[PDB]
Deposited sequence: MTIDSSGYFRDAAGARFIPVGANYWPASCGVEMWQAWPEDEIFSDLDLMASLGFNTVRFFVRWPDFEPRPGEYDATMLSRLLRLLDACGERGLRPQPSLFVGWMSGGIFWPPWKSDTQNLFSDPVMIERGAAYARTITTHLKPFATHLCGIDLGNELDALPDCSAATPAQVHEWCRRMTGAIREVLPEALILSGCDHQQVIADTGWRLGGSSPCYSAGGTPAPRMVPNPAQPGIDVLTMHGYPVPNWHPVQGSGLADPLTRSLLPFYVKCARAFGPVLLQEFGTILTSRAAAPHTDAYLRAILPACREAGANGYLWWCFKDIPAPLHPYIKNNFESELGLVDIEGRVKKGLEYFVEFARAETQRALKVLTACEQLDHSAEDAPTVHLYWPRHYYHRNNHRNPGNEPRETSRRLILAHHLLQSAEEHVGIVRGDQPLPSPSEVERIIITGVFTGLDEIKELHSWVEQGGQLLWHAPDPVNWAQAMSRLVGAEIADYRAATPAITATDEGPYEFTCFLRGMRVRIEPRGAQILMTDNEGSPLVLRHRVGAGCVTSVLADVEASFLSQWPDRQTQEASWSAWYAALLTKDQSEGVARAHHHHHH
């Protein structure tokens, strides 16, 4: 099992395959599966999966179950593991076993010999016990090595409180150690991270973006990980921009946007996706939601699709008691029937696996230094702040009917024949980034620069924007108008506003009190359009008036975008 050059899974025989299926816990016992072991129920569920066309099943090796005392592995659980691996094989399902679990449905399930004082990532004993546990489980997977769908490091390790208390360096080291332990048994295994969208919207230490001989791996900030993962749900307050739900185009753009970011750093599996609401009343809306997000996730480059989760789980036990929405996430009801509203996933999965037998018209700028914790070279970017601006720009550009890509500022910029238009959404850019943006613009790039950064505004930025800072001025709102309507910007980058003097640039727009607000500067073959306001922040500050303002928000980008 291997990942091909276009980021797709390949089986031992070198044919491509698209993982499709479900994350799994039995209905009757949820997370207690290893203890309750309702084997007829499990095998009947695997039969149901196979009959729907699924070719993979993600399941969780719950660590306390398997190592109840330090170094003593439960032989009954290991035998149940082997029975499961066997039963999936005979039914055409490639198991995707998840080791470090850990985080699950609102609970946290660790071995009793780990105290809350022992940080999963940094504690010396936990590192050793974790490595031995990874090697032990991998040993028991080795007889199935060619029938796996990768080995999942753990479930949403970036959601753990332990991420706040361990340094990024320590998380990086733990990941190296746990992948290395797996490779002491299966050196060629495909390992997935198991992380969710907090890779994009927070700094948990689980990062997209390093610079690389340990192993050839696409994302060196996650050493030893062959396949990046993305998880995503429509719940409005699980994201830094609050959408309105299943019918909202903003909400629908979130998961494809996350996949697009991940895809820029390596192959990406949509390892978890769900509607959360799955009742009969929700059926018209969940159906339309799925018909939007799944093809968009495909176009964004996902290499596989696993629903959360297979069955409703009426088990009256932790953590389904305190977060009872977790009890009704099944693709399938009690009778083994696909729930009204969700059938499209079945149709899409069958389409995708028969498939396995263009272009973006604008790119959002991902800054060279994205994560802030212990980053001494970062000019001030923070994931939650950057990602709020990227999410909204991404959605509003798609409402202007643009095809939106991501371009990486920590890599040389693609020549303007590949990436022709770049939008910087008020993120902070260092000297090297400016120089490269200059050379890119010189060969013909069209740059739309929202709120260039005064902290990095010296000679280099002045020659690129085409203007010098004459003085600061009060950060009071700027009111203006394009040819389609009026605009008011209340936010400015770092809370500061500047008075500029043109030094090559033309004044494309002024505020209503006469001063320059949008500049336009031609530099070699390209053209820099700079806006002296924090556009995305201003729009986000007027979120309660979203209904009536959104059309003009999106019309803003269209008016200012130029073409060679």
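No alpha-carbon coordinates exist for the deposited sequence positions 213-221, 367-380, 588-601, given here in order along the chain.
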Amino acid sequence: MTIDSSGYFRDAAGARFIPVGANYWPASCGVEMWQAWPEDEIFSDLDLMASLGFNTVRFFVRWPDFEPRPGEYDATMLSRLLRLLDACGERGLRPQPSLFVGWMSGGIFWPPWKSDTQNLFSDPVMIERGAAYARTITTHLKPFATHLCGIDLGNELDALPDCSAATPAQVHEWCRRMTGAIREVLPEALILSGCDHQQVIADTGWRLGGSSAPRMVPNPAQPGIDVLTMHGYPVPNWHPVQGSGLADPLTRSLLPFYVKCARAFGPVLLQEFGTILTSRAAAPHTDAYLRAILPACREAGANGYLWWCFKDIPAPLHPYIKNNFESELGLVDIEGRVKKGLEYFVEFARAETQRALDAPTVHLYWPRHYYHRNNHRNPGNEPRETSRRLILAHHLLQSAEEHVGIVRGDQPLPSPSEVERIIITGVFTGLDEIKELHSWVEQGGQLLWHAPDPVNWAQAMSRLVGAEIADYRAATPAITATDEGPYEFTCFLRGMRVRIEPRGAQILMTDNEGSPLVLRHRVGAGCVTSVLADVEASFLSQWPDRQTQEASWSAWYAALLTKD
From here on, numbers count along this sequence of modelled residues.
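Higher average CA B factor: 132-140, of the stretches 132-140 and 195-203. Higher mean CA temperature factor between 82-90 and 477-485: 477-485, per the PDB entry.
The top Cα temperature factor in the record, among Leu270, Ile108, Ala393, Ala145, falls on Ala145.
Note on the listed residues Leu290, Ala356, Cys261, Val235: the highest Cα temperature factor in the record is that of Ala356. In this PDB entry, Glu418 carries a Cα temperature factor that places it within the highest third of its chain's modelled residues.
For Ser538, the recorded CA temperature factor ranks within the middle third of the chain's modelled residues. Among all modelled residues in this chain, the alpha-carbon of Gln506 has a temperature factor (C-alpha) in the highest third. Per the deposited record, the Cα B-factor of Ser515 falls in the highest third when ranked against the other modelled residues of its chain.
Among the modelled residues of the chain, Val241 sits in the lowest third by CA temperature factor in this PDB entry.
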